[PDB]
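First comes one chain, alone, set out as structure tokens in the form deposited in one PDB entry.
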């Protein structure tokens, strides 16, 4: 055993030791209890960043902890390979997205291996390979025939300069983010998953996820947005029926979740596309311009509430069916066509958005709810205005004195008896649009035949292979310009037909990959029945909070779809969920010659803050998440090259709890490396005193008080670390606990015969308690202390007798 700790001399040897023993290569072995620990697989972007290292170190800590406790642990890794980054690098570097992807995969796989993650690489998947996406094409065809996947026209944002479709996030002031050209709204046929058919299942099954953060489940409930409200029909006044057709000439239908406040409606609002808006705008040009501006908007869902609410009056009126009030119809920008009836009522006294809307236009506010003896001021909104449980009705005629649920049922009775309304349940959730006008994605297995219609590709002909010999040029997605791809024969009639050229939303690959890991080479289905029944569901899932809504919902949706097809037998894909925090770092910049800022990487800066190149000052700016935006990313490969994998892993687990943001710190890195030197020196100095002995065990009567105190600290540390790994999942406090054990060990004279035995017991436990976090150095130090295989010695047991004081 060498005196000094040298990671480059031990880390490759420890990795070869694990790989030779195949401790991470697992099968469906019924002799050991399974454990499925999964970290969200990465985009093969080029190289790992610090977020990857934190996520996969966390997953490796939990996996190795369960491994030491005797579980048959599967920790798989793969590549979410489809998407736009490969197309953009293709347009910048004149390479094929496939070639760019596969080279990134090879390099990033080397980095992951150098970090010592206990990963079953024999289960690796690449989602851009036909052997993977053939099965999501298969599920697509099966659901398309059942109507769960359907085709209908939708509206997209067309950029005519870049010749591409853009998301709402890519539109700024009505113009493309890169081209700067005005975007055009176009109706094109697209495919949709009928996810609203599973809305009630996806909402209620969240209650089963006892080991998910309540934050994530709340976000999913709000996204699904179930409401039990009332359909209310307002009869159109006789003086307001010009230009109206059908039922729109008879009544205005609306949906409200507050029918107990129907006596407090002071106006109604309709969407820009509503027929009442169209009829009233046929004359007035200001209404036409307001309708045009609403349609030209491209506001994303995450900013819908922040959008300034505006409206225009129409001069048309409707009648409240409960009190006969004649209310004016307004066109408003917050009423969205396709959501319910595309029309709402407004009770400014008990809905804060209606309050601010009415306060802006001086529209009437009428109180209909009272809570205690609270004072109502029509000029200032108070939180009790919207109270839905402790409120009682006022100014509502025959409904006065009722609470929410009683007034709800009475209003429903009044409306139904006169045919003016009925109860109704609504969901904010929209159907899942999966069509993408992009090349680097999974082809949609549909053939268009003018005789047979939109025909799904048969199962024998799957997959529809995406050609990899493609370099996108920019002037449109190349698939729609490659007759060698889309020209084909109809699988139903053999006649001339055309393949679909749109590709799938890349969220689809990530919606079922956790199942594919169970049998990644199975060629007769998405997942083999024998492996699905063994591994069941993912026991532990680790990823970033940015996937709390869409990805998780999609994955839960796919699981229930695959269960209904009979491929799996679990209702939920992920039992436990851990959301890791961001990795942030200081920023540095120099002022431009044009009044701007040039952002400088931290690796090119030395703190006396001075640029390393010319020794000239640099401005220290705010700390934020690492990104290429302000050029503040710290390359983990340089951290590995300079300190080793164990130092990188230890710093990430010690700097902050997994949920809390991790602040990059040079001294924090150095403190981690110096602790590994201390651990190395501790075992070296111990073995230099007389070599290893048998660790203390059994009756501790007769041990000195100092050695009894060390054993108490030892097994209290084991219980604390076990609770930190297994229950709390706070790895920073576990490292501190082992440090406190080593501190007391340093203060204890362990030179006697019984002292050596206790010292052996301390060090054998300490290297095993830290093995999940820093396995390279712990595997090396364990082999110097004991000749048994560390993974066969197992997780340290707590000696209860060591915790009983006299």
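Positions refer to the first chain, counted from 1. Each form is matched to the other, and the largest set of C-alpha atoms that superpose within 1.5 Å is called the rigid core.
If you look for the form deposited in another entry, you will not find it shown, but the lines that follow are about it.
Once the core is superposed between the shown form and the other one, every option in 550, 620, 642, 91 stays below 2 Å in C-alpha shift except 620. After superposition on the rigid core, the Cα of residue 525 moves by less than 2 Å between the shown form and the other one.
Annotation: Cα of residue 282 displaced by at least 2 Å between the shown form and the other one, core superposition. For residue 311, the Cα coordinates differ by 2 angstroms or more between the shown form and the other one after the core has been superposed.
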